[PDB]
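To be precise, the following lines are query.csv, and they hold CSV, N, CA and C atoms and all ligand atoms.
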chain,number,residue,atom,x,y,z
U,2,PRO,N,-14.0,3.9,0.6
U,2,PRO,CA,-13.7,2.9,1.6
U,2,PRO,C,-14.1,1.5,1.0
U,3,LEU,N,-13.1,0.9,0.4
U,3,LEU,CA,-13.2,-0.5,-0.2
U,3,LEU,C,-14.0,-1.5,0.6
U,4,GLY,N,-15.0,-2.0,0.0
U,4,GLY,CA,-15.9,-3.0,0.6
U,4,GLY,C,-15.3,-4.4,0.5
U,5,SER,N,-14.7,-4.7,-0.6
U,5,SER,CA,-14.1,-6.1,-0.7
U,5,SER,C,-12.8,-6.3,0.0
U,6,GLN,N,-12.3,-7.5,0.1
U,6,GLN,CA,-11.1,-7.8,0.9
U,6,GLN,C,-10.0,-8.2,0.0
U,7,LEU,N,-9.3,-6.9,-0.5
U,7,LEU,CA,-8.2,-7.0,-1.3
U,7,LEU,C,-6.9,-6.9,-0.5
U,8,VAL,N,-6.0,-7.8,-0.8
U,8,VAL,CA,-4.7,-7.9,-0.1
U,8,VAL,C,-3.6,-8.0,-1.2
U,9,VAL,N,-2.5,-7.2,-0.9
U,9,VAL,CA,-1.4,-7.2,-1.9
U,9,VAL,C,-0.1,-7.4,-1.2
U,10,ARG,N,0.9,-7.8,-2.0
U,10,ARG,CA,2.2,-8.0,-1.4
U,10,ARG,C,3.2,-7.1,-2.1
U,11,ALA,N,4.0,-6.4,-1.2
U,11,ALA,CA,5.0,-5.5,-1.7
U,11,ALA,C,6.1,-6.1,-2.5
U,12,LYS,N,6.4,-5.5,-3.7
U,12,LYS,CA,7.4,-5.9,-4.6
U,12,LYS,C,8.7,-5.2,-4.3
U,13,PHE,N,8.6,-4.1,-3.6
U,13,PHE,CA,9.8,-3.3,-3.3
U,13,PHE,C,9.7,-2.7,-1.9
U,14,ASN,N,10.8,-2.2,-1.4
U,14,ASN,CA,10.8,-1.6,-0.1
U,14,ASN,C,10.3,-0.2,-0.4
U,15,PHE,N,9.5,0.4,0.4
U,15,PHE,CA,9.0,1.8,0.2
U,15,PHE,C,9.2,2.7,1.4
U,16,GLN,N,9.9,3.8,1.2
U,16,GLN,CA,10.1,4.7,2.3
U,16,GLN,C,9.0,5.8,2.0
U,17,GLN,N,8.2,6.0,3.0
U,17,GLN,CA,7.1,7.0,2.8
U,17,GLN,C,7.7,8.4,2.4
U,18,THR,N,7.1,9.1,1.5
U,18,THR,CA,7.6,10.4,1.0
U,18,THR,C,6.8,11.4,1.8
U,19,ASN,N,5.8,11.0,2.5
U,19,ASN,CA,5.0,12.0,3.3
U,19,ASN,C,4.5,11.2,4.6
U,20,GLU,N,4.1,12.0,5.6
U,20,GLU,CA,3.6,11.4,6.8
U,20,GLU,C,2.3,10.6,6.6
U,21,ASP,N,1.6,10.9,5.6
U,21,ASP,CA,0.3,10.2,5.3
U,21,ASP,C,0.5,9.0,4.4
U,22,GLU,N,1.7,8.6,4.3
U,22,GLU,CA,2.0,7.4,3.5
U,22,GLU,C,2.5,6.2,4.3
U,23,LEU,N,2.3,5.0,3.7
U,23,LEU,CA,2.8,3.8,4.3
U,23,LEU,C,4.2,3.4,3.9
U,24,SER,N,5.0,3.2,4.9
U,24,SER,CA,6.4,2.7,4.6
U,24,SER,C,6.2,1.2,4.7
U,25,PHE,N,7.0,0.4,3.9
U,25,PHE,CA,6.9,-1.0,4.0
U,25,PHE,C,8.1,-1.7,3.4
U,26,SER,N,8.2,-2.9,3.7
U,26,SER,CA,9.4,-3.7,3.2
U,26,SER,C,8.9,-4.7,2.2
U,27,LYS,N,9.8,-5.0,1.2
U,27,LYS,CA,9.5,-6.0,0.2
U,27,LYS,C,9.0,-7.3,0.9
U,28,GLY,N,7.9,-7.9,0.4
U,28,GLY,CA,7.4,-9.1,1.0
U,28,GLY,C,6.2,-8.8,1.9
U,29,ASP,N,6.1,-7.6,2.4
U,29,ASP,CA,5.0,-7.3,3.3
U,29,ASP,C,3.7,-7.4,2.7
U,30,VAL,N,2.7,-7.8,3.4
U,30,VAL,CA,1.3,-7.9,2.9
U,30,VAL,C,0.5,-6.7,3.4
U,31,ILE,N,-0.2,-6.1,2.5
U,31,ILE,CA,-1.0,-4.9,2.8
U,31,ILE,C,-2.4,-5.1,2.5
U,32,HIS,N,-3.3,-4.7,3.5
U,32,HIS,CA,-4.7,-4.8,3.3
U,32,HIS,C,-5.2,-3.5,2.7
U,33,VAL,N,-5.6,-3.5,1.4
U,33,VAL,CA,-6.1,-2.3,0.8
U,33,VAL,C,-7.4,-1.8,1.3
U,34,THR,N,-7.5,-0.5,1.6
U,34,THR,CA,-8.7,0.1,2.2
U,34,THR,C,-9.3,1.1,1.2
U,35,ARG,N,-8.5,1.7,0.4
U,35,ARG,CA,-9.0,2.7,-0.6
U,35,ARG,C,-8.2,2.6,-1.9
U,36,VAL,N,-9.0,2.7,-3.0
U,36,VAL,CA,-8.4,2.6,-4.3
U,36,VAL,C,-8.8,3.7,-5.2
U,37,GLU,N,-7.9,4.6,-5.4
U,37,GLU,CA,-8.2,5.8,-6.3
U,37,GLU,C,-7.3,5.9,-7.5
U,38,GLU,N,-7.8,6.4,-8.6
U,38,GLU,CA,-7.0,6.6,-9.8
U,38,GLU,C,-5.9,7.6,-9.5
U,39,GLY,N,-4.8,7.4,-10.1
U,39,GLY,CA,-3.6,8.3,-9.9
U,39,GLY,C,-2.4,7.4,-9.5
U,40,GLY,N,-2.7,6.1,-9.2
U,40,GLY,CA,-1.6,5.2,-8.8
U,40,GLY,C,-1.4,5.0,-7.4
U,41,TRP,N,-2.1,5.8,-6.5
U,41,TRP,CA,-1.9,5.7,-5.1
U,41,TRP,C,-3.1,5.1,-4.4
U,42,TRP,N,-2.9,4.0,-3.7
U,42,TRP,CA,-3.9,3.3,-2.9
U,42,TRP,C,-3.6,3.6,-1.4
U,43,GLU,N,-4.6,3.4,-0.6
U,43,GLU,CA,-4.4,3.6,0.8
U,43,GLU,C,-4.5,2.1,1.4
U,44,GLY,N,-3.8,1.9,2.4
U,44,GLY,CA,-3.8,0.5,2.9
U,44,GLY,C,-3.4,0.4,4.4
U,45,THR,N,-3.4,-0.8,4.9
U,45,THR,CA,-3.1,-1.0,6.3
U,45,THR,C,-2.0,-2.1,6.4
U,46,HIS,N,-1.2,-2.0,7.4
U,46,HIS,CA,-0.1,-3.0,7.7
U,46,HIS,C,0.4,-2.8,9.1
U,47,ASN,N,0.2,-3.9,9.9
U,47,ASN,CA,0.6,-3.9,11.3
U,47,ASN,C,0.1,-2.7,12.1
U,48,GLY,N,-1.2,-2.4,11.9
U,48,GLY,CA,-1.8,-1.3,12.6
U,48,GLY,C,-1.5,0.1,12.1
U,49,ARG,N,-0.8,0.2,11.0
U,49,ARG,CA,-0.4,1.5,10.4
U,49,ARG,C,-1.3,1.7,9.1
U,50,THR,N,-1.7,2.9,8.8
U,50,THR,CA,-2.5,3.1,7.6
U,50,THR,C,-2.0,4.3,6.9
U,51,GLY,N,-2.0,4.2,5.5
U,51,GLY,CA,-1.5,5.3,4.7
U,51,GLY,C,-1.5,5.0,3.3
U,52,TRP,N,-1.1,6.0,2.5
U,52,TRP,CA,-1.1,5.8,1.0
U,52,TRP,C,0.2,5.2,0.6
U,53,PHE,N,0.2,4.5,-0.6
U,53,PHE,CA,1.4,3.9,-1.1
U,53,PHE,C,1.2,3.8,-2.7
U,54,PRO,N,2.3,3.6,-3.4
U,54,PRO,CA,2.3,3.4,-4.8
U,54,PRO,C,1.7,2.1,-5.2
U,55,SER,N,0.6,2.0,-5.9
U,55,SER,CA,0.0,0.8,-6.3
U,55,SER,C,0.9,-0.1,-7.2
U,56,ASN,N,1.9,0.6,-7.9
U,56,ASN,CA,2.8,-0.2,-8.8
U,56,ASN,C,3.9,-0.9,-8.0
U,57,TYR,N,3.9,-0.7,-6.7
U,57,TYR,CA,4.9,-1.3,-5.8
U,57,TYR,C,4.3,-2.7,-5.2
U,58,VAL,N,3.1,-3.0,-5.5
U,58,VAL,CA,2.5,-4.2,-5.0
U,58,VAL,C,1.9,-5.1,-6.1
U,59,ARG,N,1.7,-6.4,-5.7
U,59,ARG,CA,1.1,-7.4,-6.6
U,59,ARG,C,-0.1,-8.0,-5.8
U,60,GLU,N,-1.3,-7.9,-6.4
U,60,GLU,CA,-2.5,-8.4,-5.7
U,60,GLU,C,-2.3,-9.9,-5.4
U,61,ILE,N,-2.7,-10.3,-4.1
U,61,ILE,CA,-2.6,-11.6,-3.7
U,61,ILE,C,-3.8,-12.5,-4.0
U,101,CL,CL,7.2,-3.2,7.4
U,102,CL,CL,5.5,-7.4,7.2
U,103,HG,HG,2.3,8.7,-8.0
U,104,HG,HG,4.1,-1.9,8.5
U,105,HG,HG,3.2,-8.0,9.4

Using the file provided, produce a representation of the structure as C-alpha cells.
Ligand SMILES: [Cl-]
Ligand SMILES: [Cl-]
Ligand SMILES: [Hg+2]
Ligand SMILES: [Hg+2]
Ligand SMILES: [Hg+2]
Amino acid sequence: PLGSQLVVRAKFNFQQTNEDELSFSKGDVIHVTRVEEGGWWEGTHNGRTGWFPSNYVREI
C-alpha cells in the first residue's frame, strides 16, 4: 500500500483484460496505490480501483 502520493497520466486507452483491472482513457489521471514488479500497478480513478499496465502511464 503505497505511502507516497504518486499520480500518473494515461498514454493510451486501456480496456481491462480482467474484472480486477482498471479501464481508462488516454489523458486520464490515476492515483497509484500499489506498485509491484511485473509491470502492473494498482490505482484509482473516479472511485474505481484496479490493476493496470505501468507502461501505459507517465508519472506526473
Ligand atoms: Cl476513464
Ligand atoms: Cl479521466
Ligand atoms: Hg503484464
Ligand atoms: Hg475511471
Ligand atoms: Hg476523472

How would you write, as a short mmCIF file (atom, residue, chain, number, x, y, z; two decimals) with N, CA and C atoms, in the frame of the given file, the set of residues no farther than 8 Å from ligand HG 104 (chain U) when counting all atoms listed in the file?
data_model
loop_
_atom_site.label_atom_id
_atom_site.label_comp_id
_atom_site.auth_asym_id
_atom_site.auth_seq_id
_atom_site.Cartn_x
_atom_site.Cartn_y
_atom_site.Cartn_z
N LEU U 23 2.30 5.00 3.70
CA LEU U 23 2.80 3.80 4.30
C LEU U 23 4.20 3.40 3.90
N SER U 24 5.00 3.20 4.90
CA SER U 24 6.40 2.70 4.60
C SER U 24 6.20 1.20 4.70
N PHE U 25 7.00 0.40 3.90
CA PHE U 25 6.90 -1.00 4.00
C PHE U 25 8.10 -1.70 3.40
N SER U 26 8.20 -2.90 3.70
CA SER U 26 9.40 -3.70 3.20
C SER U 26 8.90 -4.70 2.20
N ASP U 29 6.10 -7.60 2.40
CA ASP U 29 5.00 -7.30 3.30
C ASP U 29 3.70 -7.40 2.70
N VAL U 30 2.70 -7.80 3.40
CA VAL U 30 1.30 -7.90 2.90
C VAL U 30 0.50 -6.70 3.40
N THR U 45 -3.40 -0.80 4.90
CA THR U 45 -3.10 -1.00 6.30
C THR U 45 -2.00 -2.10 6.40
N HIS U 46 -1.20 -2.00 7.40
CA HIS U 46 -0.10 -3.00 7.70
C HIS U 46 0.40 -2.80 9.10
N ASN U 47 0.20 -3.90 9.90
CA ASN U 47 0.60 -3.90 11.30
C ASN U 47 0.10 -2.70 12.10
N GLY U 48 -1.20 -2.40 11.90
CA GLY U 48 -1.80 -1.30 12.60
C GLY U 48 -1.50 0.10 12.10
N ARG U 49 -0.80 0.20 11.00
CA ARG U 49 -0.40 1.50 10.40
C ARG U 49 -1.30 1.70 9.10
N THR U 50 -1.70 2.90 8.80
CA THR U 50 -2.50 3.10 7.60
C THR U 50 -2.00 4.30 6.90
#

Using DSSP assignments from the backbone, pull out every residue in chain U that falls under strand (DSSP E) and give it to me as a VMD selection string. chain U and resid 8 to 11 30 to 36 41 to 46 49 to 54 58 to 60

Would you kindly return, as a PyMOL selection string, each protein, DNA or RNA residue with an atom no farther than 5 Å from any atom of residue 41 (chain U), considering only N, CA and C atoms and excluding same-chain residues fewer than 5 positions away? chain U and resi 53-55

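Among the candidates U:52, U:57, U:39, U:13, the residue lying nearest to ligand HG 103 (chain U) is U:39 (atoms considered: only C-alpha atoms and all ligand atoms).
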
Could you give me, as a PyMOL selection string, the residues within 8 Å of residue 59 (chain U), counting only N, CA and C atoms and dropping anything in the same chain fewer than 4 positions from it? chain U and resi 8-13+55

Identify which of the residues U:51, U:40, U:2, U:28 lies closest to ligand CL 102 (chain U), counting all atoms listed in the file when measuring atom-to-atom distances.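 For ligand CL 102 (chain U), the nearest of the given residues is U:28.
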
Compare U:16, U:6, U:61, U:56 by their minimum atom-to-atom distance to residue 42 (chain U), counting all atoms listed in the file, and give me the closest one.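 Closest candidate: U:56.
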
Please determine, counting all atoms listed in the file, which residue among U:33, U:58, U:15, U:38 has the shortest atom-to-atom distance to residue 3 (chain U).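 Using all atoms listed in the file, residue 3 (chain U) sits closest to U:33.
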
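The gap separating CA of residue 7 (chain U) from atom C of residue 37 (chain U) is 14.3 Å, in Å to one decimal.
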
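Distances to ligand HG 105 (chain U) were evaluated for U:43, U:21, U:31, U:5 using all atoms listed in the file, and the minimum falls at U:31.
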
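Taking atom C of residue 36 (chain U) and CA of residue 4 (chain U) as the two end points, the separation is 11.4 Å.
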
Generate the missing atoms of region 10-34 of chain U up to N, CA, C and O atoms and report them as a PDB file, in the coordinates of the input.
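Final output, saved to rebuild.pdb:
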ATOM      1  N   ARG U  10       0.900  -7.800  -2.000  1.00  0.00           N
ATOM      2  CA  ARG U  10       2.200  -8.000  -1.400  1.00  0.00           C
ATOM      3  C   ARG U  10       3.200  -7.100  -2.100  1.00  0.00           C
ATOM      4  O   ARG U  10       3.279  -6.912  -3.278  1.00  0.00           O
ATOM      5  N   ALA U  11       4.000  -6.400  -1.200  1.00  0.00           N
ATOM      6  CA  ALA U  11       5.000  -5.500  -1.700  1.00  0.00           C
ATOM      7  C   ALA U  11       6.100  -6.100  -2.500  1.00  0.00           C
ATOM      8  O   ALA U  11       6.731  -7.076  -2.167  1.00  0.00           O
ATOM      9  N   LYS U  12       6.400  -5.500  -3.700  1.00  0.00           N
ATOM     10  CA  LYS U  12       7.400  -5.900  -4.600  1.00  0.00           C
ATOM     11  C   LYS U  12       8.700  -5.200  -4.300  1.00  0.00           C
ATOM     12  O   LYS U  12       9.795  -5.656  -4.725  1.00  0.00           O
ATOM     13  N   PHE U  13       8.600  -4.100  -3.600  1.00  0.00           N
ATOM     14  CA  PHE U  13       9.800  -3.300  -3.300  1.00  0.00           C
ATOM     15  C   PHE U  13       9.700  -2.700  -1.900  1.00  0.00           C
ATOM     16  O   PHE U  13       8.606  -2.763  -1.312  1.00  0.00           O
ATOM     17  N   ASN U  14      10.800  -2.200  -1.400  1.00  0.00           N
ATOM     18  CA  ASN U  14      10.800  -1.600  -0.100  1.00  0.00           C
ATOM     19  C   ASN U  14      10.300  -0.200  -0.400  1.00  0.00           C
ATOM     20  O   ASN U  14      10.602   0.342  -1.516  1.00  0.00           O
ATOM     21  N   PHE U  15       9.500   0.400   0.400  1.00  0.00           N
ATOM     22  CA  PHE U  15       9.000   1.800   0.200  1.00  0.00           C
ATOM     23  C   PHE U  15       9.200   2.700   1.400  1.00  0.00           C
ATOM     24  O   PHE U  15       8.666   2.340   2.494  1.00  0.00           O
ATOM     25  N   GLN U  16       9.900   3.800   1.200  1.00  0.00           N
ATOM     26  CA  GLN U  16      10.100   4.700   2.300  1.00  0.00           C
ATOM     27  C   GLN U  16       9.000   5.800   2.000  1.00  0.00           C
ATOM     28  O   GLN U  16       9.010   6.363   0.941  1.00  0.00           O
ATOM     29  N   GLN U  17       8.200   6.000   3.000  1.00  0.00           N
ATOM     30  CA  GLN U  17       7.100   7.000   2.800  1.00  0.00           C
ATOM     31  C   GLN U  17       7.700   8.400   2.400  1.00  0.00           C
ATOM     32  O   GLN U  17       8.764   8.782   2.971  1.00  0.00           O
ATOM     33  N   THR U  18       7.100   9.100   1.500  1.00  0.00           N
ATOM     34  CA  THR U  18       7.600  10.400   1.000  1.00  0.00           C
ATOM     35  C   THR U  18       6.800  11.400   1.800  1.00  0.00           C
ATOM     36  O   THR U  18       7.128  12.613   1.651  1.00  0.00           O
ATOM     37  N   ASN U  19       5.800  11.000   2.500  1.00  0.00           N
ATOM     38  CA  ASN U  19       5.000  12.000   3.300  1.00  0.00           C
ATOM     39  C   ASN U  19       4.500  11.200   4.600  1.00  0.00           C
ATOM     40  O   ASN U  19       4.598  10.004   4.633  1.00  0.00           O
ATOM     41  N   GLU U  20       4.100  12.000   5.600  1.00  0.00           N
ATOM     42  CA  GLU U  20       3.600  11.400   6.800  1.00  0.00           C
ATOM     43  C   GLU U  20       2.300  10.600   6.600  1.00  0.00           C
ATOM     44  O   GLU U  20       2.040   9.734   7.444  1.00  0.00           O
ATOM     45  N   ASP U  21       1.600  10.900   5.600  1.00  0.00           N
ATOM     46  CA  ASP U  21       0.300  10.200   5.300  1.00  0.00           C
ATOM     47  C   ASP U  21       0.500   9.000   4.400  1.00  0.00           C
ATOM     48  O   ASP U  21      -0.481   8.544   3.858  1.00  0.00           O
ATOM     49  N   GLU U  22       1.700   8.600   4.300  1.00  0.00           N
ATOM     50  CA  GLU U  22       2.000   7.400   3.500  1.00  0.00           C
ATOM     51  C   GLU U  22       2.500   6.200   4.300  1.00  0.00           C
ATOM     52  O   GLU U  22       3.054   6.385   5.354  1.00  0.00           O
ATOM     53  N   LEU U  23       2.300   5.000   3.700  1.00  0.00           N
ATOM     54  CA  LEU U  23       2.800   3.800   4.300  1.00  0.00           C
ATOM     55  C   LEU U  23       4.200   3.400   3.900  1.00  0.00           C
ATOM     56  O   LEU U  23       4.481   3.315   2.761  1.00  0.00           O
ATOM     57  N   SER U  24       5.000   3.200   4.900  1.00  0.00           N
ATOM     58  CA  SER U  24       6.400   2.700   4.600  1.00  0.00           C
ATOM     59  C   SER U  24       6.200   1.200   4.700  1.00  0.00           C
ATOM     60  O   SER U  24       5.368   0.719   5.492  1.00  0.00           O
ATOM     61  N   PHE U  25       7.000   0.400   3.900  1.00  0.00           N
ATOM     62  CA  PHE U  25       6.900  -1.000   4.000  1.00  0.00           C
ATOM     63  C   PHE U  25       8.100  -1.700   3.400  1.00  0.00           C
ATOM     64  O   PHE U  25       8.847  -1.024   2.706  1.00  0.00           O
ATOM     65  N   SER U  26       8.200  -2.900   3.700  1.00  0.00           N
ATOM     66  CA  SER U  26       9.400  -3.700   3.200  1.00  0.00           C
ATOM     67  C   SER U  26       8.900  -4.700   2.200  1.00  0.00           C
ATOM     68  O   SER U  26       7.768  -5.180   2.233  1.00  0.00           O
ATOM     69  N   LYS U  27       9.800  -5.000   1.200  1.00  0.00           N
ATOM     70  CA  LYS U  27       9.500  -6.000   0.200  1.00  0.00           C
ATOM     71  C   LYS U  27       9.000  -7.300   0.900  1.00  0.00           C
ATOM     72  O   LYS U  27       9.547  -7.652   1.883  1.00  0.00           O
ATOM     73  N   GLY U  28       7.900  -7.900   0.400  1.00  0.00           N
ATOM     74  CA  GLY U  28       7.400  -9.100   1.000  1.00  0.00           C
ATOM     75  C   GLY U  28       6.200  -8.800   1.900  1.00  0.00           C
ATOM     76  O   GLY U  28       5.455  -9.757   2.179  1.00  0.00           O
ATOM     77  N   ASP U  29       6.100  -7.600   2.400  1.00  0.00           N
ATOM     78  CA  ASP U  29       5.000  -7.300   3.300  1.00  0.00           C
ATOM     79  C   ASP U  29       3.700  -7.400   2.700  1.00  0.00           C
ATOM     80  O   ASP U  29       3.523  -7.145   1.476  1.00  0.00           O
ATOM     81  N   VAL U  30       2.700  -7.800   3.400  1.00  0.00           N
ATOM     82  CA  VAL U  30       1.300  -7.900   2.900  1.00  0.00           C
ATOM     83  C   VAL U  30       0.500  -6.700   3.400  1.00  0.00           C
ATOM     84  O   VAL U  30       0.584  -6.352   4.563  1.00  0.00           O
ATOM     85  N   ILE U  31      -0.200  -6.100   2.500  1.00  0.00           N
ATOM     86  CA  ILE U  31      -1.000  -4.900   2.800  1.00  0.00           C
ATOM     87  C   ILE U  31      -2.400  -5.100   2.500  1.00  0.00           C
ATOM     88  O   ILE U  31      -2.812  -5.584   1.486  1.00  0.00           O
ATOM     89  N   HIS U  32      -3.300  -4.700   3.500  1.00  0.00           N
ATOM     90  CA  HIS U  32      -4.700  -4.800   3.300  1.00  0.00           C
ATOM     91  C   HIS U  32      -5.200  -3.500   2.700  1.00  0.00           C
ATOM     92  O   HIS U  32      -5.058  -2.427   3.310  1.00  0.00           O
ATOM     93  N   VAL U  33      -5.600  -3.500   1.400  1.00  0.00           N
ATOM     94  CA  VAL U  33      -6.100  -2.300   0.800  1.00  0.00           C
ATOM     95  C   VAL U  33      -7.400  -1.800   1.300  1.00  0.00           C
ATOM     96  O   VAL U  33      -8.346  -2.576   1.554  1.00  0.00           O
ATOM     97  N   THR U  34      -7.500  -0.500   1.600  1.00  0.00           N
ATOM     98  CA  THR U  34      -8.700   0.100   2.200  1.00  0.00           C
ATOM     99  C   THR U  34      -9.300   1.100   1.200  1.00  0.00           C
ATOM    100  O   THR U  34     -10.543   1.238   1.202  1.00  0.00           O
TER     101      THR U  34
END
